[PDB]
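Contents: one structure, followed by commentary.
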Amino acid sequence: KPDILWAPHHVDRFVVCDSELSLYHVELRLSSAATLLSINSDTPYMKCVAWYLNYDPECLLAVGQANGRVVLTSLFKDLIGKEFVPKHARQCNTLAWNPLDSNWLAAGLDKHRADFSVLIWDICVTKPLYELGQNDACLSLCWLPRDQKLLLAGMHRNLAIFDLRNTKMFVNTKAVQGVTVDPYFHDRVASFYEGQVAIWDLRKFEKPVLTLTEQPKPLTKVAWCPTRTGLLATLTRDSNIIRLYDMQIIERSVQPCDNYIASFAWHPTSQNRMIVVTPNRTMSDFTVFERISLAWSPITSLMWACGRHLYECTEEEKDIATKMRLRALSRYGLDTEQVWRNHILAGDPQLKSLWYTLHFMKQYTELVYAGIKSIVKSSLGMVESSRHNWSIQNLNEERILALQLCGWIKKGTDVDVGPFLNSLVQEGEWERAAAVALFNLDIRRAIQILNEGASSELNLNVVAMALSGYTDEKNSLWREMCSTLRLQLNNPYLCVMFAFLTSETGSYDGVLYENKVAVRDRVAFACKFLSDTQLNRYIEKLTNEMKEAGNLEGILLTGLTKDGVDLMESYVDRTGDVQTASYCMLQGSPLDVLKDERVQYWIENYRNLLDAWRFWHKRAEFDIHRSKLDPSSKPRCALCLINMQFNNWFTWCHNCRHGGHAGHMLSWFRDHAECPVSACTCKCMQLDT
Amino acid sequence: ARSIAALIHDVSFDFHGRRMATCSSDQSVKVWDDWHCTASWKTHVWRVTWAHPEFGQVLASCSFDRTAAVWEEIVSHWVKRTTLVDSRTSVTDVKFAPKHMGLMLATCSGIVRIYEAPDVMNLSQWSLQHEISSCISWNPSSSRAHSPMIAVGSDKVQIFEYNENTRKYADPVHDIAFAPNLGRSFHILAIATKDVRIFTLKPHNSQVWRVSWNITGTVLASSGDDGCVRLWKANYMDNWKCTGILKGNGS
Ligand SMILES: [Zn+2]
Ligand SMILES: [Zn+2]
Ligand SMILES: [Zn+2]
Ligand SMILES: [Zn+2]
């Protein structure tokens, strides 16, 4: 059976014992790669290998041959090729160099008539310095780390503890193979028989204290962990998983290789290294690693805890948890003066169109809060234009308000979109201005905007030329190709202009259902060209399209009503934004709608959520802002002895009921940690912490 | 990353995330509040999680000695006002109930010893108001339309809801975590098993470990035997997706 044995030193070197010795260097591909440094094949039929614990010379392998001869091969030149030979030849089962004295080489041999089995050699052909154990077979050897001379030998039927001072406590059991004393607990020993591994107690060496789980296949190697606080990894024959039965007894398994494992080796120096050698010499280094006890923090830090080290990730995208922190740090939402600038204070197209919509509702107020859909229910007196007449007051009282909520017209009854066009040209939106100007039945202004835009900052010139050829003939050449070629235009606003132009009057489905154009523009367009029967059906379709999709731009249509809660519920479900949910549902919403369980609970989370971030003062601003918008959601000082601008506050301690002026009390507690009144031990300031 | 000084069996933050409670492998629990150990306890601790601050700085420790110790704030070496040692078996975990439902602690040993303290100021008395017989997860829902629910994991998740009408509660799983709702109409369940599983309840390639939910329940941290604390999150299609991998050793 091939074996892997880490060297006591040279933490980058190891030897993979096989039919021929081979020393590798950790730099095949171990994980890391292994580079062969030496190969010894002069010791055939090797059955036991043990490192020389003394530093000089390094790489000295005591190769126990099958004939009993121990060859100190060098994988102080005197200790090279030494051929310690027993009195009678027989198999050499186990070898173990004493850690206290690294020049003894305890050798375990098979049975014989009258020859000692466990021979304690002397490194210095030779003669044993100590010969203990007769007419038996020492299957395993393990020097006790504490005592200088006590080798616990696993004989044929007993775990004899040979005392070299007087050549012996024996416990007759069937578990006598692979004795390994756990280093950290010097009073605990291990031994495996067949498929069962037993844990012993040297202080109570009468019966095995614990008998671990019996694996089906027989165990091949049981080795303690010199890195952890007790982890007896238990290899099993024809098993690809190292059953690390921790005796600390939580059982864990690790499968570092896809094939069977011959023998593993814990690294004495490296923190729990698991060099694994397959029968095909597939030397793979695995790592155990303790279970990670993750636990998030309100600041989104994963305090990864592996072993005895706390590795804080510290948020090592813009997640919603992280997003709200920057929003609240900039007083998001609370700046209810330039509501259109709230999204700017937010640092999103959905949020940008939402705050503009809420600004327009705030602007008009200074039934509108019921949304576009409820406003257009009572709209009556709709007329359809059969032919596009190129040049607003004819619209209903509901329609003109709807355009204002869409921003197309300024605050008032002025039937014009001219001021809106100038802002768009100033804002740089040149393709949107042409569409908005065209939708008010003005080709020439649309051409002028495109021509003016193309002049500054040249495709808009051609679009102006393309727009100038609007022909209403049913089978015209222009409508034949412009309708087909409109889909090959980059800007959506250019596409809808030709879609609206080439569409048969009455059914403007080429523009009403273009998701790349802002909903406000489509709704504003719909209020102007759709009849009452068509508009109500279309708005009900668009309302439900933002209702389920959780679109913030649908606040324009849904409004701050029972449906608005449903829409904003979908937005929370899709994303998880309650900070936007709380502020928007507080800005002008009616008492009955704001009294709903969902909207009240949305506030309850954000306040509780904002508490975990230590933003108490920021939260205090929200509660003050919430209370105004939602009315339904409403002795003598011990130092100066004066009976009852902040210094005049009267501090009352909840523990000892003592206190006085804030200015006096803070001064006393600044340098002291006791209640100033006599015969009082209460630490008023330090108690709350 | 930053390997601050500290084997911690379980490390968990408080509500504010400014103090860390760590349960060492030597049967000791420390309040590591630059995290410097500001306390020492010797415990009696499989899991140590804080309580809600308005209820006091109470740390619940689940031990292997068939007890669930609760160390209450008495200023430092906190004094155990109460000791929930009535559990016949070892308490696998001790996670406090959400603040809306009162002072309740769950010890899913299978006996869910839901100890309730009628007196907030005097928590020394623990009353097993409910007892339903590996992982204990609490539903953070506080809604009038959402009844409180208690989840129990077995080493496979059953949610027991205290029905108003009856006034009574009615791959191996390693840890179950309920995401904070924040007004959601559905609950997201994260269960630690051979494979990380995420499920929606609307009214590592190895053995996973104690996964936790962020303060908003959107970004997920799932840990397993692979040794890498993989960070997970949602996607544009409202589906779970990988968002990053963090190294335990700090690399
Ligand atoms: Zn005074
Ligand atoms: Zn006092
Ligand atoms: Zn005073
Ligand atoms: Zn006091």
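We number each residue from 1, going along the chain as drawn.
Using N, Cα and C of the backbone, Cβ positions are placed for all residues, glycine too.
Features of the protein shown, as given by Swiss-Prot:
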- A:172-210: repeat 'WD 4' (REPEAT)
- A:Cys640, A:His661, A:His664: Zn(2+) 2 binding site (BINDING)
- A:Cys653, A:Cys656, A:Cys684: Zn(2+) 3 binding site (BINDING)
- A:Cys656, A:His658, A:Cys675, A:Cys680: Zn(2+) 4 binding site (BINDING)
Of A:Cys653, A:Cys656, A:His661, A:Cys684, binding-site residues neighbouring ligand 4, Cβ under 6 A: A:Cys653, A:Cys656, A:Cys684
In sequence order, those binding-site residues of A:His658, A:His664, A:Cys675 whose CB lies under 6 Å from ligand 2: A:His658, A:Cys675
Local Cβ density at A:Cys675 (Zn(2+) 4 binding site) - other Cβ atoms counted within 10 Å: 23
Among A:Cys640, A:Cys656, A:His658, A:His664, A:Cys680, A:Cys684, the binding-site residues whose C-beta sits under 6 Å from ligand 1: A:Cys640, A:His664
Close binding-site residues near A:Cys680 (Zn(2+) 4 binding site), where close means Cα within 10 Å, chosen from A:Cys640, A:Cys653, A:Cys656, A:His661, A:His664: A:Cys656
Cβ atoms near A:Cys684 (Zn(2+) 3 binding site) (within 10 Å, other residues, all chains): 23
A:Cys653 (Zn(2+) 3 binding site) versus binding-site residues A:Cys640, A:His664, A:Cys675 - nearest by Cα: A:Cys675
Spatial neighbours, same chain, of A:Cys656 (Zn(2+) 3 binding site) - Cβ under 8 Å, 6+ residues apart: A:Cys675, A:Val677, A:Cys680, A:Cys682, A:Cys684
A:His658 (Zn(2+) 4 binding site) to A:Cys640 (Zn(2+) 2 binding site) - Cα separation in whole Å: 13
Fewest Cβ neighbours within 10 Å, where candidates are the binding-site residues A:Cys640, A:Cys653, A:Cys680: A:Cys640
For A:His661 (Zn(2+) 2 binding site): DSSP state (helix, strand, coil): strand
CB within-chain contacts under 8 A for A:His664 (Zn(2+) 2 binding site), separation at least 6: A:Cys637, A:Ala638, A:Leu639, A:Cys640, A:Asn647
Close-lying binding-site residues around ligand 3 among A:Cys640, A:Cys656, A:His661, A:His664, A:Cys680, A:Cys684, where CB distance stays under 6 Å: A:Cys640, A:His661, A:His664
Same chain, 6+ residues apart, C-beta under 8 Å of the C-beta of A:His661 (Zn(2+) 2 binding site), given in sequence order: A:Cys637, A:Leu639, A:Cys640, A:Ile642, A:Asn647, A:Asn648, A:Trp649, A:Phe650, A:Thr651
Residues of the repeat 'WD 4' (A:172-210) by DSSP state, where helix covers H, G and I: 3 helix, 21 strand, 15 coil
